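What's in my_file-v9.cif: mmCIF, C-alpha atoms
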```cif
data_my_file
#
loop_
_atom_site.group_PDB
_atom_site.id
_atom_site.type_symbol
_atom_site.label_atom_id
_atom_site.label_comp_id
_atom_site.auth_asym_id
_atom_site.auth_seq_id
_atom_site.Cartn_x
_atom_site.Cartn_y
_atom_site.Cartn_z
ATOM 1 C CA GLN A 1 15.790 21.216 -10.922
ATOM 2 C CA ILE A 2 15.016 17.520 -10.289
ATOM 3 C CA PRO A 3 17.895 15.045 -10.068
ATOM 4 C CA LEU A 4 18.320 12.652 -12.977
ATOM 5 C CA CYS A 5 18.048 9.585 -10.765
ATOM 6 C CA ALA A 6 14.977 10.698 -8.695
ATOM 7 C CA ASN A 7 12.525 8.359 -10.431
ATOM 8 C CA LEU A 8 14.934 5.390 -10.341
ATOM 9 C CA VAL A 9 14.372 5.111 -6.540
ATOM 10 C CA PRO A 10 12.100 2.262 -5.517
ATOM 11 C CA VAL A 11 8.661 3.417 -4.449
ATOM 12 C CA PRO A 12 6.300 1.342 -2.300
ATOM 13 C CA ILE A 13 3.198 0.069 -4.119
ATOM 14 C CA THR A 14 -0.149 1.188 -2.748
ATOM 15 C CA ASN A 15 -3.722 0.493 -3.712
ATOM 16 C CA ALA A 16 -3.523 3.740 -5.786
ATOM 17 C CA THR A 17 -0.385 2.470 -7.502
ATOM 18 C CA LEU A 18 -2.259 -0.733 -8.409
ATOM 19 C CA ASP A 19 -5.271 1.291 -9.683
ATOM 20 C CA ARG A 20 -2.900 3.429 -11.742
ATOM 21 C CA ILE A 21 -1.378 0.367 -13.595
ATOM 22 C CA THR A 22 -4.707 -1.376 -14.185
ATOM 23 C CA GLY A 23 -5.592 -2.032 -17.830
ATOM 24 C CA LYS A 24 -3.890 -2.369 -21.192
ATOM 25 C CA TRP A 25 -0.225 -1.597 -21.812
ATOM 26 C CA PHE A 26 2.089 -1.734 -24.795
ATOM 27 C CA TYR A 27 5.765 -2.658 -24.456
ATOM 28 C CA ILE A 28 7.675 0.206 -26.078
ATOM 29 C CA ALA A 29 11.391 -0.399 -25.510
ATOM 30 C CA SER A 30 14.099 -1.687 -23.148
ATOM 31 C CA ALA A 31 17.867 -1.702 -22.549
ATOM 32 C CA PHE A 32 19.825 -3.725 -19.987
ATOM 33 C CA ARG A 33 23.396 -4.367 -19.048
ATOM 34 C CA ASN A 34 22.342 -7.974 -18.285
ATOM 35 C CA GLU A 35 23.034 -10.060 -21.400
ATOM 36 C CA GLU A 36 20.446 -12.839 -20.797
ATOM 37 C CA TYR A 37 17.730 -10.149 -20.619
ATOM 38 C CA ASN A 38 19.069 -8.539 -23.824
ATOM 39 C CA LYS A 39 19.012 -11.973 -25.493
ATOM 40 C CA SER A 40 15.409 -12.739 -24.564
ATOM 41 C CA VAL A 41 14.240 -9.227 -25.378
ATOM 42 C CA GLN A 42 15.963 -9.103 -28.808
ATOM 43 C CA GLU A 43 13.426 -11.517 -30.247
ATOM 44 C CA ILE A 44 10.351 -9.428 -29.313
ATOM 45 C CA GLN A 45 8.718 -7.732 -32.282
ATOM 46 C CA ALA A 46 5.715 -6.470 -30.324
ATOM 47 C CA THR A 47 3.823 -6.991 -27.077
ATOM 48 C CA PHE A 48 0.657 -5.761 -25.509
ATOM 49 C CA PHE A 49 -0.817 -6.977 -22.219
ATOM 50 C CA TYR A 50 -3.493 -6.478 -19.550
ATOM 51 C CA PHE A 51 -2.914 -5.904 -15.841
ATOM 52 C CA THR A 52 -5.857 -6.893 -13.534
ATOM 53 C CA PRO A 53 -4.652 -6.484 -9.925
ATOM 54 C CA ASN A 54 -6.094 -8.441 -7.009
ATOM 55 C CA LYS A 55 -5.465 -5.969 -4.231
ATOM 56 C CA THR A 56 -6.575 -8.385 -1.551
ATOM 57 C CA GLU A 57 -4.053 -11.058 -2.660
ATOM 58 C CA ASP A 58 -1.201 -8.726 -3.737
ATOM 59 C CA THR A 59 -1.105 -10.373 -7.179
ATOM 60 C CA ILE A 60 -1.678 -9.043 -10.687
ATOM 61 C CA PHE A 61 -3.353 -11.157 -13.319
ATOM 62 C CA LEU A 62 -1.328 -10.742 -16.538
ATOM 63 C CA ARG A 63 -2.703 -11.476 -19.996
ATOM 64 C CA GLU A 64 0.100 -11.071 -22.492
ATOM 65 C CA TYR A 65 0.122 -10.999 -26.294
ATOM 66 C CA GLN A 66 3.711 -11.260 -27.570
ATOM 67 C CA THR A 67 4.862 -11.345 -31.209
ATOM 68 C CA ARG A 68 8.091 -13.223 -31.917
ATOM 69 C CA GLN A 69 9.374 -14.819 -35.153
ATOM 70 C CA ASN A 70 6.254 -13.362 -36.850
ATOM 71 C CA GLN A 71 3.685 -15.158 -34.702
ATOM 72 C CA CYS A 72 1.479 -14.566 -31.687
ATOM 73 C CA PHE A 73 2.301 -16.132 -28.331
ATOM 74 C CA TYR A 74 -0.378 -15.683 -25.720
ATOM 75 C CA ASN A 75 0.284 -16.399 -22.043
ATOM 76 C CA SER A 76 -1.592 -15.574 -18.839
ATOM 77 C CA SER A 77 -0.257 -15.892 -15.281
ATOM 78 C CA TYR A 78 -0.175 -14.134 -11.908
ATOM 79 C CA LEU A 79 2.499 -11.634 -10.931
ATOM 80 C CA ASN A 80 3.232 -11.323 -7.189
ATOM 81 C CA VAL A 81 3.438 -7.887 -5.588
ATOM 82 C CA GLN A 82 5.938 -6.978 -2.886
ATOM 83 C CA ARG A 83 4.385 -3.730 -1.676
ATOM 84 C CA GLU A 84 7.009 -2.255 0.640
ATOM 85 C CA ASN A 85 9.906 -3.072 -1.721
ATOM 86 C CA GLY A 86 7.963 -1.607 -4.639
ATOM 87 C CA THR A 87 8.524 -4.709 -6.794
ATOM 88 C CA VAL A 88 6.486 -7.145 -8.849
ATOM 89 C CA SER A 89 7.648 -10.657 -9.658
ATOM 90 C CA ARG A 90 7.009 -13.121 -12.478
ATOM 91 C CA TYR A 91 7.838 -16.844 -12.500
ATOM 92 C CA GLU A 92 9.183 -18.151 -15.852
ATOM 93 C CA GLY A 93 11.122 -21.431 -16.218
ATOM 94 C CA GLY A 94 12.618 -22.248 -12.832
ATOM 95 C CA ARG A 95 13.098 -18.571 -12.073
ATOM 96 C CA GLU A 96 11.380 -15.802 -10.092
ATOM 97 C CA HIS A 97 12.151 -12.543 -11.920
ATOM 98 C CA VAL A 98 11.775 -9.439 -9.780
ATOM 99 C CA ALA A 99 11.377 -5.893 -11.097
ATOM 100 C CA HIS A 100 10.900 -2.480 -9.521
ATOM 101 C CA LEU A 101 7.730 -0.667 -10.603
ATOM 102 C CA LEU A 102 8.855 2.846 -11.573
ATOM 103 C CA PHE A 103 7.136 5.959 -12.885
ATOM 104 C CA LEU A 104 7.851 8.860 -15.221
ATOM 105 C CA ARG A 105 6.237 12.323 -15.139
ATOM 106 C CA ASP A 106 3.783 11.178 -17.767
ATOM 107 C CA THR A 107 0.911 9.240 -16.222
ATOM 108 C CA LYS A 108 0.324 7.209 -19.434
ATOM 109 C CA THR A 109 3.661 5.407 -19.088
ATOM 110 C CA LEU A 110 5.509 3.142 -16.685
ATOM 111 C CA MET A 111 8.861 1.413 -16.382
ATOM 112 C CA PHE A 112 10.106 -1.783 -14.814
ATOM 113 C CA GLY A 113 13.645 -1.715 -13.475
ATOM 114 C CA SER A 114 15.648 -4.941 -13.322
ATOM 115 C CA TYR A 115 18.852 -5.652 -11.379
ATOM 116 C CA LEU A 116 18.734 -2.032 -10.288
ATOM 117 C CA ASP A 117 21.118 -2.645 -7.404
ATOM 118 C CA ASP A 118 23.817 -3.959 -9.809
ATOM 119 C CA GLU A 119 25.762 -1.671 -12.148
ATOM 120 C CA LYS A 120 26.913 -4.716 -14.172
ATOM 121 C CA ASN A 121 23.368 -5.888 -14.770
ATOM 122 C CA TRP A 122 20.816 -3.080 -14.422
ATOM 123 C CA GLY A 123 18.306 -2.092 -17.071
ATOM 124 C CA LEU A 124 14.858 -0.725 -17.768
ATOM 125 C CA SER A 125 11.827 -1.549 -19.823
ATOM 126 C CA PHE A 126 9.336 1.077 -20.954
ATOM 127 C CA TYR A 127 5.556 0.761 -21.475
ATOM 128 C CA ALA A 128 2.783 3.108 -22.613
ATOM 129 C CA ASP A 129 -1.018 3.127 -22.953
ATOM 130 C CA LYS A 130 -0.430 3.408 -26.737
ATOM 131 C CA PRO A 131 1.845 1.407 -29.074
ATOM 132 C CA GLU A 132 3.420 4.716 -30.184
ATOM 133 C CA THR A 133 4.966 7.171 -27.740
ATOM 134 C CA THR A 134 5.193 10.916 -27.914
ATOM 135 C CA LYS A 135 8.654 12.496 -28.015
ATOM 136 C CA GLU A 136 8.108 13.813 -24.457
ATOM 137 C CA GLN A 137 7.462 10.266 -23.134
ATOM 138 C CA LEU A 138 10.465 8.880 -25.000
ATOM 139 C CA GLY A 139 12.712 11.645 -23.580
ATOM 140 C CA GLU A 140 11.565 10.674 -20.027
ATOM 141 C CA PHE A 141 12.701 7.101 -20.617
ATOM 142 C CA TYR A 142 16.032 8.299 -22.127
ATOM 143 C CA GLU A 143 16.616 10.416 -18.990
ATOM 144 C CA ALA A 144 16.025 7.345 -16.804
ATOM 145 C CA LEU A 145 18.567 5.515 -19.014
ATOM 146 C CA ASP A 146 20.912 8.497 -18.795
ATOM 147 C CA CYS A 147 20.839 7.922 -14.909
ATOM 148 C CA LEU A 148 21.914 4.304 -15.348
ATOM 149 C CA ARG A 149 24.572 5.422 -17.885
ATOM 150 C CA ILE A 150 23.024 3.225 -20.527
ATOM 151 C CA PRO A 151 23.569 4.856 -23.951
ATOM 152 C CA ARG A 152 20.371 5.747 -25.863
ATOM 153 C CA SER A 153 21.856 3.704 -28.750
ATOM 154 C CA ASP A 154 21.472 0.442 -26.737
ATOM 155 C CA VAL A 155 17.706 0.691 -26.650
ATOM 156 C CA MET A 156 15.743 -2.103 -28.306
ATOM 157 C CA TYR A 157 12.370 -1.054 -29.577
ATOM 158 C CA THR A 158 9.206 -2.866 -30.557
ATOM 159 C CA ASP A 159 7.686 -2.190 -33.983
ATOM 160 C CA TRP A 160 3.838 -1.968 -33.831
ATOM 161 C CA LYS A 161 3.609 -2.738 -37.615
ATOM 162 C CA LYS A 162 4.808 -6.228 -36.690
ATOM 163 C CA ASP A 163 2.019 -7.154 -34.259
ATOM 164 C CA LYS A 164 0.494 -10.568 -34.939
ATOM 165 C CA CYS A 165 -1.687 -10.647 -31.821
ATOM 166 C CA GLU A 166 -4.612 -8.340 -32.750
ATOM 167 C CA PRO A 167 -6.622 -11.274 -34.214
ATOM 168 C CA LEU A 168 -6.169 -13.530 -31.165
ATOM 169 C CA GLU A 169 -7.104 -10.665 -28.806
ATOM 170 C CA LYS A 170 -10.360 -10.091 -30.655
ATOM 171 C CA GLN A 171 -11.035 -13.856 -30.666
ATOM 172 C CA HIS A 172 -10.700 -13.716 -26.842
ATOM 173 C CA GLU A 173 -12.877 -10.561 -26.506
ATOM 174 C CA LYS A 174 -15.832 -12.255 -28.244
ATOM 175 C CA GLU A 175 -15.468 -15.026 -25.659
#
```
Will you turn the file into structure tokens for me?
Amino acid sequence: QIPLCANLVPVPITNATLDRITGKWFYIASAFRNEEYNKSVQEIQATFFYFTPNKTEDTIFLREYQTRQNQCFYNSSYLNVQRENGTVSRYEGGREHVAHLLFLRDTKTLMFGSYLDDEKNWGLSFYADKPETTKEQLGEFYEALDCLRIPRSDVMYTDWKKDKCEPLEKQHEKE
């Protein structure tokens, strides 16, 4: 009934959109045609993070707990929001990375689309309110990949068993 690509169309970000993405997310999986993104993403064993939007400033405060090479790397920073374009941006190195905020039928998930205008480079990353997804949520992501003609076999997944960031998160919570 609903076209494969319907939820790959940019959607403007409202106050409700910002409310909807507020809180804790787990990075589930990604796949890109861009090789630099594949390279950086390869190394990620696990990641959880917190979104705290500032609706008046169109920014999102990001607190990120990433496991790589069996250790926890914590970073916080501000993401900028481009409301009408339906994108969020993050500054790492000397580089502003822009991504489209996209949604699946399931309200407990979200995707970021990168280089979506470029068939040589496009890709998607998938997040959930739990470190483990249901088979329905995973199928939604696969369908979004299906639209970009990215094979399901190219997906790179996190492994929650590998998380090294639980201890640091709790040592922040007490503070």
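Considering the residues A:28, A:123, A:20, A:63 and counting all atoms listed in the file, residue 172 of chain A has its shortest atom-to-atom contact with A:63.
Atom pair atom CA of residue 10 of chain A / atom CA of residue 61 of chain A has a distance of 21.9 Å (rounded to one decimal).
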Per residue of segment 141-172 of chain A within 8 Å of segment 31-37 of chain A, what are the shortest atom pair and its distance in Å to one decimal, counting all atoms listed in the file, with rows by chain and residue number, as JSON lines?
```
{"residue": "A:150", "atom": "CA", "partner": "A:31", "partner_atom": "CA", "distance": 7.4}
{"residue": "A:154", "atom": "CA", "partner": "A:31", "partner_atom": "CA", "distance": 5.9}
{"residue": "A:155", "atom": "CA", "partner": "A:31", "partner_atom": "CA", "distance": 4.8}
{"residue": "A:156", "atom": "CA", "partner": "A:31", "partner_atom": "CA", "distance": 6.1}
```
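The smallest atom-to-atom distance between residue 103 of chain A and any of A:9, A:4, A:72, A:116, using only C-alpha atoms, is found for A:9.
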Contacts of residue 62 of chain A within 9 Å, all atoms listed in the file, excl. fewer than 3 positions in-chain, as a ChimeraX atom specification: /A:49-53,75-79
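If you apply the PyMOL selection byres ((chain A and resi 84) around 7) to this structure, you end up with residues 12, 13, 82, 83, 85 and 86 of chain A.
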Same residues, C-alpha atoms, output as a tab-separated table (two decimals), in the coordinates of the input:
```
chain	number	residue	atom	x	y	z
A	12	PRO	CA	6.30	1.34	-2.30
A	13	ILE	CA	3.20	0.07	-4.12
A	82	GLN	CA	5.94	-6.98	-2.89
A	83	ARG	CA	4.38	-3.73	-1.68
A	85	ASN	CA	9.91	-3.07	-1.72
A	86	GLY	CA	7.96	-1.61	-4.64
```
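Close to (6.2, -13.2, -33.7), meaning no more than 8 Å away when counting only C-alpha atoms, sit the residues residues 44, 45, 46, 66, 67, 68, 69, 70, 71, 72, 73, 162, 163 and 164 of chain A.
Comparing A:133, A:1, A:38, A:7 by their smallest distance to residue 104 of chain A, the closest is A:7 (using all atoms listed in the file).
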Convert the output of the PyMOL selection byres ((chain A and resi 29) around 10) on the shown file into explicit residues, formatted as number ranges by chain. A: 26-28, 30-31, 41, 44, 46, 111, 124-128, 138, 141, 155-159
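On the file presented, the PyMOL selection byres ((chain A and resi 106) around 10) picks out residues 103, 104, 105, 107, 108, 109, 110, 128, 136, 137 and 140 of chain A.
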Selection export as a PDB file, keeping the file's coordinate frame, atoms kept: C-alpha atoms:
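Contents of part-v7.pdb, freshly written:
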```
ATOM      1  CA  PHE A 103       7.136   5.959 -12.885  1.00  0.00           C
ATOM      2  CA  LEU A 104       7.851   8.860 -15.221  1.00  0.00           C
ATOM      3  CA  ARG A 105       6.237  12.323 -15.139  1.00  0.00           C
ATOM      4  CA  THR A 107       0.911   9.240 -16.222  1.00  0.00           C
ATOM      5  CA  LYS A 108       0.324   7.209 -19.434  1.00  0.00           C
ATOM      6  CA  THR A 109       3.661   5.407 -19.088  1.00  0.00           C
ATOM      7  CA  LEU A 110       5.509   3.142 -16.685  1.00  0.00           C
ATOM      8  CA  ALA A 128       2.783   3.108 -22.613  1.00  0.00           C
ATOM      9  CA  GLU A 136       8.108  13.813 -24.457  1.00  0.00           C
ATOM     10  CA  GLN A 137       7.462  10.266 -23.134  1.00  0.00           C
ATOM     11  CA  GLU A 140      11.565  10.674 -20.027  1.00  0.00           C
TER      12      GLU A 140
END
```
Which residues, written as a list in words, have at least one atom at most 8 Å from residue 98 of chain A, with all atoms listed in the file counted and residues fewer than 4 positions away on the same chain left out? residues 87, 88, 89, 90 and 114 of chain A
Point-to-point distance from atom CA of residue 169 of chain A to atom CA of residue 80 of chain A, Å rounded to tenths: 24.0 Å
